[PDB]
Amino acid sequence: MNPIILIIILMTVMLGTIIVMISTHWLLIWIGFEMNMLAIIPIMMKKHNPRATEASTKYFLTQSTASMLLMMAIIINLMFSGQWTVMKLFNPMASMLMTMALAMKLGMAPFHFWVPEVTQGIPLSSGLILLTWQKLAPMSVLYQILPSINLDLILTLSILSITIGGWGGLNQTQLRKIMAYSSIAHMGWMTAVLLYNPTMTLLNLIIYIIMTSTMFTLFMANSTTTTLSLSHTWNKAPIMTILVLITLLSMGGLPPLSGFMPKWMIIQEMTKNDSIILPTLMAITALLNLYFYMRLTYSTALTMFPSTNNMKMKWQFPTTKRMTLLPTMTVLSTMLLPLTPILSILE
Amino acid sequence: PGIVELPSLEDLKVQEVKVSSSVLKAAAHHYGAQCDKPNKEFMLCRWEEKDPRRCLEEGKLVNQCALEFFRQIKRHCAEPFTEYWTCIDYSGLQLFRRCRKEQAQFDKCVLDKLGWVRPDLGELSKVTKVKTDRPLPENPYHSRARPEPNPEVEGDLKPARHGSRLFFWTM
Amino acid sequence: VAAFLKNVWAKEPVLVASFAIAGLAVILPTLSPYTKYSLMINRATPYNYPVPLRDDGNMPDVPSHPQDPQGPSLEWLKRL
Amino acid sequence: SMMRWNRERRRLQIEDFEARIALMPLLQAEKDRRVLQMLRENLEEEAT
Amino acid sequence: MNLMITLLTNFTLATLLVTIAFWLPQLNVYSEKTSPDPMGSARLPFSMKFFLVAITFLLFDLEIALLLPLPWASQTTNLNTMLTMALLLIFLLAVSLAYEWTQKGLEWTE
Amino acid sequence: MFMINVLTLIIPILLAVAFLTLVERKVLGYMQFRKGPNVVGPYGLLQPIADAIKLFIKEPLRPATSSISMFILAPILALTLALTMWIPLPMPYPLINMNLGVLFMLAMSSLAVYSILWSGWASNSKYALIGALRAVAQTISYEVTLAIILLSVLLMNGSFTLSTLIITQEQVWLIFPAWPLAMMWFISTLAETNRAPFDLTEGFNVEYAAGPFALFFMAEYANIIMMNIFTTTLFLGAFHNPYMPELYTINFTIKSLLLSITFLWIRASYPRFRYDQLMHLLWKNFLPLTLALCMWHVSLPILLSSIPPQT
Amino acid sequence: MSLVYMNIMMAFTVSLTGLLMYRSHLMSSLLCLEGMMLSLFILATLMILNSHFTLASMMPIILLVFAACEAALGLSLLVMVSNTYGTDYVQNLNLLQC
Amino acid sequence: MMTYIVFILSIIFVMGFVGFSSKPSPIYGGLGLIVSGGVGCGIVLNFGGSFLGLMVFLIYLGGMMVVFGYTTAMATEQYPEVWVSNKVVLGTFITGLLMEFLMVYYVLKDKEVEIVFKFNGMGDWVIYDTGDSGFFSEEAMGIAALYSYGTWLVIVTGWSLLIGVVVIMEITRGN
Ligand SMILES: CCCCCCCCCCCCCCCCCC(=O)OC[C@H](COP(=O)([O-])OC[C@H](O)COP(=O)([O-])OC[C@H](COC(=O)CCCCCCCCCCCCCCCCC)OC(=O)CCCCCCCCCCCCCCCCC)OC(=O)CCCCCCCCCCCCCCCCC
Ligand SMILES: CCCCCCCCCCCCCCCCCC(=O)OC[C@H](COP(=O)([O-])OCC[N+](C)(C)C)OC(=O)CCCCCCCCCCCCCCCCC
Ligand SMILES: CCCCCCCCCCCCCCCCCC(=O)OC[C@H](COP(=O)(O)OCCN)OC(=O)CCCCCCCCCCCCCCCCC
Ligand SMILES: CCCCCCCCCCCCCCCCCC(=O)OC[C@H](COP(=O)(O)OCCN)OC(=O)CCCCCCCCCCCCCCCCC
Ligand SMILES: CCCCCCCCCCCCCCCCCC(=O)OC[C@H](COP(=O)(O)OCCN)OC(=O)CCCCCCCCCCCCCCCCC
Ligand SMILES: CCCCCCCCCCCCCCCCCC(=O)OC[C@H](COP(=O)(O)OCCN)OC(=O)CCCCCCCCCCCCCCCCC
């Protein structure tokens, strides 16, 4: 791809998300999602193999169906309110359809069935864009319509997201599918606290984006797409062996790392509202995520080490990859729990 | 809720201007010049009362002054006006520009026998002022009492008492 | 700037005519003395009823009749 | 030619619109009495 | 109503002429013909370029759909804004055509 | 009484299409230093009748259609869209007087490509389908410049109303302020109707019988006469006395006959384009000029203070 | 609720369930998706015309433009799939099972 | 019956969506969606939104379903059907369309008027011509205010169309 065309298309992705964030009119919300989808499709087809075309097709179909359901929600709101302000909705039918459409856009379960496939088919940088930047616009719309969101619906989608994103990561050796099921679990955590305190939603979204970008930046820096290929990193770049894995200890949510901060603040703000069963069971399923991701940590900085001979040739070459913000993102994703009351800046 | 209050059918009886649309359009500019004051009183009453039930007598004055206008045409300039609205009436879009000689003869007979100058281009679309003797409607929308707003913040901003108070963080 | 222009008017006169007409269409209405009259004609075209004002007692510019001297004029439009 | 004739057509449009404006109070009074007549007829038939 | 009556008349005349032009030569008992192309029997080859000209049509047709209310847009009171947005829409249609040019998109059906 | 008006529209359309075949064969005859038909009728007046009776009793080609439904609906849609393009035409008064008659004709002419596409798919041949796809791509390419030229001229009309376009041209023919739009419009109408030098289909619906081929042929000629009448009304607007409308009718009929004969005289004068040459002619020649003149006719009535009225 | 809007929503849901039940082709999926867009156009148009709400008259045109650009994107994706495999079958799009 | 023409066209619209949504083939699905677009355009035109219905015919059916049929003809390889003499090749077509229009009549049965006559739509349905608008269409002026009022909407729409051109030329090159 021509780098000018790449810059213009990435600015169009960013512009679509900014248009969703700043606009007060529902048609401009729908326009921002259309522009965001249209612009992100060539980022996925950047390498032109059949897997990226299949992934772009499945992503197009799911996001297109979600855009149509979003416009049907907007149209029902115009029926029952005669106006277009992006605020609460004035029909439970419009609220239900817009919550379903945004859950399809996030890949929350049971609309999760595209995220591991699409994340598998596309490269690591476009997978990073899809799992970090594309979450921002539907979480903004869910932030603005929360006087209308049905409680039982959003809690059902959140627990089904956390359970399916947990039980998806057992059978996986592909790193992109692991990050996709981690995405499904974390979006369930974010929408669990949405109707109680959406500042903790924004805290979980920011910490998740930092940890996800650290993991995808390390996967790009090591040229590893599978567990089996990630396990050759100790003989090639030994500082990458610890950074990937203590960032991955952050991502499951485990103290004293900063990925324990969002889940702890979510449990904290849901027990103010006299919900005790629900954060307990959601964090038990997060321990199931810890179970599988700790097995991956064992496989990379423990048992299955063995190397090949052509590592002897890779030893004579240093990295030229621009590991952009990787020490910054790695320090932010691990040592930020002593600065936990910084979360008031998101209020 | 409440009974909607409608005027009787005797409150709605007035003598009607039983002429066609080309007949109205042929005398339109002279009607706007000559019948200006009750028409403008009525349309001020109509955009202020926002209710056709509070405008019935001004509408009757409009209908009366229109009937006096057409009687005053009929007594003086019946044949040039008939010659003019017949030619206006032939057209599909009812053009003024197809009928300039009948317009000239109608304006000639009207300026001679009655002294009515046809208004220039720009005049009948002016916003005029109307002297009324009825009171201004103080609540034409019948809005009830507005909800009292939430109290604003006032006072200087003291620092947080012992900081964030988040479980053990002393600042 | 004159050798290139003759070279492109020799090679591609369709696109030279296109860029010249589009350039005139861009930078010409900013230079015309009649662009203000388009605005003045469009805002003098009475689609709505000129709703009159309640005469409070001090409005010496608002007329009482169309044929009164005060008020906006369209003699510039009849003359031009 | 189109300059002269479209200016003339705008003046003829303004003449037609002033004819409409002069006719509007009569038509508005008749429309008011029309809809009040129809609502009163429907009210009496609702009563019977 | 007059429109729909005229449409029904045109459709009925068209279907009547099609019915006559199919049934009138079938009254002939001519013969039962036995064993009734450049390629032999192979698959239809897909051509990427025909699809590209169809999509370029669709995108410029959507830009034309944006261009259509301009004779009504000329009547506005905000004429500087209207003229700027009209010239901007036709300029973005021209930028689409220039980008379609300079990436060899209009080639072998230019 | 309205049905009398509809039939006296649509049956003289079929008669004028019938004798356009005679006029085309005679004019192509005399321009090629020969004669057209003069034996069958007195100077060929019975040639369209003999041709129509021959085409409607000829043996059907007996196709194995890929679809029954599209094989039947492609001539029906071709004839219906050929006949509905005539009802808003102000000659001087339209049969159906509508506010958006220009836009109506543009929409019904955009619908006309489905007869080509369905006729090409409803045959078993792949070469017929390839020819139909090339014809559809040609037609959709030239509809772009149709729409943009038409919008640019309607910026002098004031509305989409066809009857207003006579009022627009009461002082000057509209070809005088818009002759480049007129000539690109004329070649674009020449390329809409698959007409030489743009008839590459004769260099898609050859699965049909002689009867249905006559139906596609007469839909094509109704489109040709219609587009010439529309171009006459659009650029060469006749004088309309509202008391004697037959003056306008004689005047636009003479002008539309001259423009149809100009189609006949262009097909007898030029070699055909190669397919990419007319794709080039659209996309790289007519379309930049069309966008530039569209900018020019947007911005010109604002700089001349000559914006036409909406009504 | 209102009468014709129930029909337009029912058409939307029928085309939804057509998109939500794949039979054979990706083109049929794009057809059901654009039928959903058509029903959205009709429903938005009937509301905005019924309400006499003037500035939303430009809304369904923008709906049509953005979603037909979306459909052009879908047709290009289908073409790249059909050039990969030969057909546009949805069962040829299953390499992301593993 | 003639009062209820918008409801009848909506019933035809729902039946056409049932027609192509059951998906016999993408080509017959495209044909059913063309017919459904025409009758839904008739629904729009029978409120008085004439520019929006002509936008349906000119843009939806005129460009987009053309490109859908054009793309569909370049896939899904054709095969013949029954072609026996004119009773079978056209008489079965006439009887099939007669059964389809008799189905359009047959879905309007006594179980339907229980929804119709209880919630009578006509009598007060199309309230578009309630009073006077003036010398304009409100629909046309609201569409025309895309240029004076809708500046941001024009910017984002034209930018998305330019980006659409760029995006199609990137993903179709295959390199
Ligand atoms: C006259 C003008 C000039 C005056 C100048 C006066 C000062 C002169 C010296 C200038 C420099 C001043 C430095 C800061 C002042 C002292 C702060 C302090 O000790 O706070 C006590 C703080 C609370 O104790 P306190 O008795 O209640 O308060 C005494 C004061 O009133 C404390 O005041 P406070 O109560 O207002 O403090 C507010 C609040 C007080 O704290 C709280 O409210 C409690 C919550 C604190 C966070 C707990 C998070 C637990 C979960 C995460 C654990 C992470 C893993 C641990 C570290 C692993 C290794 C990296 O602070 C925080 O929440 C901040 C977060 C903790 C950072 C503390 C400052 C670190 C600066 C240097 C960092 C170097 C790396 C050390 C390791 C990084 C972690 C500390 O102690 C702790 O939280 C325990 C950790 C130890 C604190 C850091 C000690 C700093 C010196 C380190 C030297 C050795 C470095 C070795 C190499 C690098 C490491 C391998
Ligand atoms: C509607 C009534 C009738 C109207 C007239 C039409 C009837 C006459 C028809 C004649 C026979 C045509 C038969 C078909 C021919 C098709 C081929 C053909 O003509 O191709 C078109 C040719 C194509 O060009 P070409 O192919 O010859 O050139 C080669 C092109 N390159 C280099 C790219 C390979 O020309 C055009 O496209 C021009 C169209 C008309 C443009 C009019 C411009 C007007 C002047 C503008 C201003 C100029 C000065 C610059 C600005 C100054 C500012 C101060
Ligand atoms: C409430 C919150 C509101 C919003 C606040 C801000 C949110 C920020 C969200 C960040 C989302 C990041 C999305 C991904 C980066 C975007 C730019 C991009 O495309 O980078 C990838 C790029 C591709 O280059 P390419 O040529 O494809 O290389 C492949 C090899 N040939 O280049 C590469 O591959 C180079 C390798 C390194 C890439 C590192 C990218 C890191 C980006 C994230 C930084 C951390 C997030 C910011 C801080 C927290 C914000 C919440
Ligand atoms: C500012 C106003 C708005 C301007 C933008 C809108 C214009 C309206 C028309 C839109 C045209 C869209 C397509 C333009 C593409 C330009 C690039 C191009 O075509 O380059 C190739 C061409 C050489 O042609 P070639 O590649 O060989 O094609 C085969 C046939 N020979 O190379 C060329 O032909 C060179 C083309 C560029 C140079 C033309 C210079 C004309 C200058 C006229 C005087 C100045 C007018 C004012 C405007 C500024 C122009 C710089
Ligand atoms: C808006 C205007 C539309 C106009 C449409 C029509 C255009 C054509 C106008 C007329 C052209 C010429 C008509 C005459 C043609 C020649 C007829 C003829 O001469 O037939 C002779 C033939 C044999 O006769 P026989 O008895 O053998 O003679 C031997 C003599 N010792 O005997 C026969 O063949 C038998 C008799 C046949 C007569 C045919 C007459 C012409 C039929 C035309 C049909 C349409 C008429 C117009 C309809 C619309 C207007 C009302
Ligand atoms: C396989 C099926 C059969 C295929 C062959 C036959 C069908 C295809 C060919 C014919 C297509 C017909 C298209 C008709 C609608 C065109 C747009 C239209 O109605 O424009 C006319 C007019 C708009 O002008 P305006 O002046 O604004 O309105 C009058 C108010 N003064 O608006 C009016 O005057 C409104 C009048 C009432 C509304 C009539 C709407 C049309 C009838 C319903 C749809 C019929 C066609 C369905 C199938 C379409 C193709 C699939």
# chains A, B, ... in the order shown; residues from 1 in each chain; ligands from 1
>>> residues_around(residues="residue 52 (chain C)", least_positions_apart="2", cutoff="10 Å", atoms="only C-alpha atoms", output="ChimeraX atom specification")
/B:40-45,47,126-130 /C:49-50,54-55,62-64
>>> interface_residues(of="chain D", to="chain C", cutoff="12 Å", atoms="only C-alpha atoms", output="number ranges by chain")
D: 3-4, 6-25, 28
>>> write_last_selection(atoms="N, CA, C and O atoms", output="PDB file, in the first residue's frame")
ATOM      1  N   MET D   3     -29.273  36.065 -18.456  1.00  0.00           N
ATOM      2  CA  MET D   3     -29.182  37.017 -17.360  1.00  0.00           C
ATOM      3  C   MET D   3     -30.396  37.931 -17.326  1.00  0.00           C
ATOM      4  O   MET D   3     -31.084  38.024 -16.296  1.00  0.00           O
ATOM      5  N   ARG D   4     -30.698  38.570 -18.466  1.00  0.00           N
ATOM      6  CA  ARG D   4     -31.866  39.447 -18.564  1.00  0.00           C
ATOM      7  C   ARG D   4     -33.161  38.699 -18.279  1.00  0.00           C
ATOM      8  O   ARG D   4     -33.999  39.158 -17.486  1.00  0.00           O
ATOM      9  N   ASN D   6     -33.705  35.683 -16.726  1.00  0.00           N
ATOM     10  CA  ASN D   6     -33.891  35.148 -15.387  1.00  0.00           C
ATOM     11  C   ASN D   6     -34.089  36.242 -14.352  1.00  0.00           C
ATOM     12  O   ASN D   6     -34.797  36.013 -13.366  1.00  0.00           O
ATOM     13  N   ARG D   7     -33.537  37.444 -14.567  1.00  0.00           N
ATOM     14  CA  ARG D   7     -33.908  38.555 -13.690  1.00  0.00           C
ATOM     15  C   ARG D   7     -35.373  38.936 -13.865  1.00  0.00           C
ATOM     16  O   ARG D   7     -36.069  39.227 -12.875  1.00  0.00           O
ATOM     17  N   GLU D   8     -35.866  38.920 -15.109  1.00  0.00           N
ATOM     18  CA  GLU D   8     -37.282  39.190 -15.339  1.00  0.00           C
ATOM     19  C   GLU D   8     -38.164  38.123 -14.704  1.00  0.00           C
ATOM     20  O   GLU D   8     -39.201  38.439 -14.113  1.00  0.00           O
ATOM     21  N   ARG D   9     -37.749  36.858 -14.785  1.00  0.00           N
ATOM     22  CA  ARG D   9     -38.520  35.779 -14.183  1.00  0.00           C
ATOM     23  C   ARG D   9     -38.513  35.848 -12.663  1.00  0.00           C
ATOM     24  O   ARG D   9     -39.507  35.475 -12.033  1.00  0.00           O
ATOM     25  N   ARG D  10     -37.430  36.340 -12.054  1.00  0.00           N
ATOM     26  CA  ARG D  10     -37.461  36.550 -10.609  1.00  0.00           C
ATOM     27  C   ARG D  10     -38.409  37.682 -10.233  1.00  0.00           C
ATOM     28  O   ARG D  10     -39.111  37.591  -9.217  1.00  0.00           O
ATOM     29  N   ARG D  11     -38.470  38.739 -11.047  1.00  0.00           N
ATOM     30  CA  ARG D  11     -39.428  39.811 -10.768  1.00  0.00           C
ATOM     31  C   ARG D  11     -40.872  39.340 -10.932  1.00  0.00           C
ATOM     32  O   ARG D  11     -41.752  39.717 -10.146  1.00  0.00           O
ATOM     33  N   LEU D  12     -41.129  38.493 -11.929  1.00  0.00           N
ATOM     34  CA  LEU D  12     -42.467  37.932 -12.114  1.00  0.00           C
ATOM     35  C   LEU D  12     -42.829  36.959 -11.001  1.00  0.00           C
ATOM     36  O   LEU D  12     -44.001  36.870 -10.612  1.00  0.00           O
ATOM     37  N   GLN D  13     -41.834  36.244 -10.470  1.00  0.00           N
ATOM     38  CA  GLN D  13     -42.055  35.384  -9.315  1.00  0.00           C
ATOM     39  C   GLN D  13     -42.442  36.203  -8.095  1.00  0.00           C
ATOM     40  O   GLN D  13     -43.344  35.819  -7.344  1.00  0.00           O
ATOM     41  N   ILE D  14     -41.766  37.336  -7.883  1.00  0.00           N
ATOM     42  CA  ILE D  14     -42.080  38.183  -6.737  1.00  0.00           C
ATOM     43  C   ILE D  14     -43.456  38.824  -6.902  1.00  0.00           C
ATOM     44  O   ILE D  14     -44.194  38.978  -5.923  1.00  0.00           O
ATOM     45  N   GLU D  15     -43.855  39.128  -8.139  1.00  0.00           N
ATOM     46  CA  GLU D  15     -45.205  39.634  -8.393  1.00  0.00           C
ATOM     47  C   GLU D  15     -46.274  38.588  -8.073  1.00  0.00           C
ATOM     48  O   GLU D  15     -47.285  38.901  -7.426  1.00  0.00           O
ATOM     49  N   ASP D  16     -46.052  37.336  -8.495  1.00  0.00           N
ATOM     50  CA  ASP D  16     -46.972  36.248  -8.155  1.00  0.00           C
ATOM     51  C   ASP D  16     -47.034  36.009  -6.648  1.00  0.00           C
ATOM     52  O   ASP D  16     -48.110  35.737  -6.093  1.00  0.00           O
ATOM     53  N   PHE D  17     -45.891  36.116  -5.966  1.00  0.00           N
ATOM     54  CA  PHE D  17     -45.880  35.867  -4.529  1.00  0.00           C
ATOM     55  C   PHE D  17     -46.564  36.988  -3.765  1.00  0.00           C
ATOM     56  O   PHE D  17     -47.200  36.734  -2.738  1.00  0.00           O
ATOM     57  N   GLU D  18     -46.459  38.225  -4.248  1.00  0.00           N
ATOM     58  CA  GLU D  18     -47.206  39.315  -3.633  1.00  0.00           C
ATOM     59  C   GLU D  18     -48.702  39.186  -3.879  1.00  0.00           C
ATOM     60  O   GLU D  18     -49.498  39.578  -3.017  1.00  0.00           O
ATOM     61  N   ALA D  19     -49.101  38.630  -5.028  1.00  0.00           N
ATOM     62  CA  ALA D  19     -50.514  38.309  -5.238  1.00  0.00           C
ATOM     63  C   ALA D  19     -51.004  37.275  -4.228  1.00  0.00           C
ATOM     64  O   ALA D  19     -52.094  37.418  -3.654  1.00  0.00           O
ATOM     65  N   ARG D  20     -50.187  36.250  -3.972  1.00  0.00           N
ATOM     66  CA  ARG D  20     -50.525  35.253  -2.955  1.00  0.00           C
ATOM     67  C   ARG D  20     -50.622  35.869  -1.564  1.00  0.00           C
ATOM     68  O   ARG D  20     -51.528  35.535  -0.796  1.00  0.00           O
ATOM     69  N   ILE D  21     -49.680  36.746  -1.221  1.00  0.00           N
ATOM     70  CA  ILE D  21     -49.657  37.379   0.095  1.00  0.00           C
ATOM     71  C   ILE D  21     -50.875  38.267   0.297  1.00  0.00           C
ATOM     72  O   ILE D  21     -51.478  38.281   1.379  1.00  0.00           O
ATOM     73  N   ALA D  22     -51.283  38.984  -0.745  1.00  0.00           N
ATOM     74  CA  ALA D  22     -52.506  39.767  -0.653  1.00  0.00           C
ATOM     75  C   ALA D  22     -53.742  38.883  -0.529  1.00  0.00           C
ATOM     76  O   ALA D  22     -54.718  39.280   0.114  1.00  0.00           O
ATOM     77  N   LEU D  23     -53.710  37.673  -1.091  1.00  0.00           N
ATOM     78  CA  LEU D  23     -54.858  36.784  -0.942  1.00  0.00           C
ATOM     79  C   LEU D  23     -54.884  35.997   0.364  1.00  0.00           C
ATOM     80  O   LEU D  23     -55.952  35.501   0.728  1.00  0.00           O
ATOM     81  N   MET D  24     -53.746  35.845   1.050  1.00  0.00           N
ATOM     82  CA  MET D  24     -53.685  34.967   2.225  1.00  0.00           C
ATOM     83  C   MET D  24     -54.611  35.282   3.409  1.00  0.00           C
ATOM     84  O   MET D  24     -55.067  34.311   4.034  1.00  0.00           O
ATOM     85  N   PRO D  25     -54.899  36.535   3.806  1.00  0.00           N
ATOM     86  CA  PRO D  25     -55.817  36.703   4.955  1.00  0.00           C
ATOM     87  C   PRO D  25     -57.246  36.257   4.699  1.00  0.00           C
ATOM     88  O   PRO D  25     -57.872  35.680   5.601  1.00  0.00           O
ATOM     89  N   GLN D  28     -57.148  32.500   4.817  1.00  0.00           N
ATOM     90  CA  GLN D  28     -56.931  32.037   6.182  1.00  0.00           C
ATOM     91  C   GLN D  28     -58.206  32.127   7.010  1.00  0.00           C
ATOM     92  O   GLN D  28     -58.512  31.211   7.780  1.00  0.00           O
TER      93      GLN D  28
END
>>> closest_residue(among="A:83, A:212, A:308, A:258", to="ligand 1", atoms="only C-alpha atoms and all ligand atoms")
A:258
>>> residues_around(residues="residue 7 (chain B)", least_positions_apart="5", cutoff="12 Å", atoms="only C-alpha atoms", output="PyMOL selection string")
(chain B and resi 12-13+52-57) or (chain D and resi 32-41+43-44)
>>> write_last_selection(atoms="C-alpha atoms", output="PDB file, in the first residue's frame")
ATOM      1  CA  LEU B  12     -69.429  30.720  11.756  1.00  0.00           C
ATOM      2  CA  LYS B  13     -71.973  32.238   9.354  1.00  0.00           C
ATOM      3  CA  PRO B  52     -58.846  30.131  14.940  1.00  0.00           C
ATOM      4  CA  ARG B  53     -61.533  30.460  17.623  1.00  0.00           C
ATOM      5  CA  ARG B  54     -60.201  33.782  18.951  1.00  0.00           C
ATOM      6  CA  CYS B  55     -60.004  35.308  15.454  1.00  0.00           C
ATOM      7  CA  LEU B  56     -63.567  34.821  14.182  1.00  0.00           C
ATOM      8  CA  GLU B  57     -64.748  38.428  14.290  1.00  0.00           C
TER       9      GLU B  57
ATOM     10  CA  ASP D  32     -60.507  28.827   9.952  1.00  0.00           C
ATOM     11  CA  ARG D  33     -64.283  28.894   9.484  1.00  0.00           C
ATOM     12  CA  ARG D  34     -63.975  25.746   7.332  1.00  0.00           C
ATOM     13  CA  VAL D  35     -62.237  23.620   9.963  1.00  0.00           C
ATOM     14  CA  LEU D  36     -64.404  24.983  12.789  1.00  0.00           C
ATOM     15  CA  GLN D  37     -67.519  24.180  10.726  1.00  0.00           C
ATOM     16  CA  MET D  38     -66.272  20.636  10.153  1.00  0.00           C
ATOM     17  CA  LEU D  39     -65.348  20.060  13.808  1.00  0.00           C
ATOM     18  CA  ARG D  40     -68.740  21.380  14.942  1.00  0.00           C
ATOM     19  CA  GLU D  41     -70.536  19.082  12.488  1.00  0.00           C
ATOM     20  CA  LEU D  43     -69.203  17.171  17.361  1.00  0.00           C
ATOM     21  CA  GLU D  44     -72.963  17.253  16.792  1.00  0.00           C
TER      22      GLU D  44
END
>>> residues_around(residues="residue 57 (chain G)", least_positions_apart="3", cutoff="8 Å", atoms="only C-alpha atoms", output="list in words")
residues 45, 48, 49, 53, 54, 60 and 61 of chain G; 139, 140, 142 and 143 of chain H
>>> residues_near_ligand(ligand="ligand 5", cutoff="9 Å", atoms="only C-alpha atoms and all ligand atoms", output="VMD selection string")
chain F and resid 12 15 to 16 19 40 to 46 48 to 49
>>> residues_around(residues="residue 347 (chain A)", least_positions_apart="3", cutoff="8 Å", atoms="only C-alpha atoms", output="MDAnalysis selection string")
chainID A and resid 199 343:344
>>> decode(residues="region 245-257 of chain A", atoms="N, CA and C atoms", output="tab-separated table (two decimals), in the first residue's frame")
chain	number	residue	atom	x	y	z
A	245	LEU	N	5.37	-11.72	29.21
A	245	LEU	CA	4.72	-12.61	30.15
A	245	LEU	C	4.31	-11.92	31.43
A	246	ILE	N	5.01	-10.87	31.86
A	246	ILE	CA	4.46	-10.14	33.00
A	246	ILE	C	3.44	-9.09	32.55
A	247	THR	N	3.46	-8.67	31.27
A	247	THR	CA	2.30	-7.99	30.71
A	247	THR	C	1.10	-8.94	30.62
A	248	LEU	N	1.34	-10.20	30.30
A	248	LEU	CA	0.24	-11.16	30.24
A	248	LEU	C	-0.24	-11.56	31.63
A	249	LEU	N	0.62	-11.45	32.64
A	249	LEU	CA	0.15	-11.56	34.01
A	249	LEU	C	-0.67	-10.34	34.42
A	250	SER	N	-0.37	-9.18	33.83
A	250	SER	CA	-1.24	-8.03	34.03
A	250	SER	C	-2.61	-8.24	33.39
A	251	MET	N	-2.65	-8.80	32.18
A	251	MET	CA	-3.89	-8.79	31.39
A	251	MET	C	-5.00	-9.64	32.01
A	252	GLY	N	-4.64	-10.75	32.65
A	252	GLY	CA	-5.65	-11.54	33.32
A	252	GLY	C	-6.23	-10.82	34.52
A	253	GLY	N	-5.43	-9.97	35.15
A	253	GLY	CA	-5.86	-9.25	36.32
A	253	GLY	C	-5.29	-9.96	37.53
A	254	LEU	N	-4.18	-9.46	38.02
A	254	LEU	CA	-3.43	-10.13	39.07
A	254	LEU	C	-2.52	-9.11	39.74
A	255	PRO	N	-2.66	-8.91	41.04
A	255	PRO	CA	-1.90	-7.86	41.73
A	255	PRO	C	-0.44	-8.26	41.88
A	256	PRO	N	0.48	-7.30	42.04
A	256	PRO	CA	0.34	-5.84	42.17
A	256	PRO	C	0.35	-5.11	40.84
A	257	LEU	N	0.00	-5.81	39.77
A	257	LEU	CA	0.06	-5.25	38.43
A	257	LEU	C	-1.19	-4.42	38.15
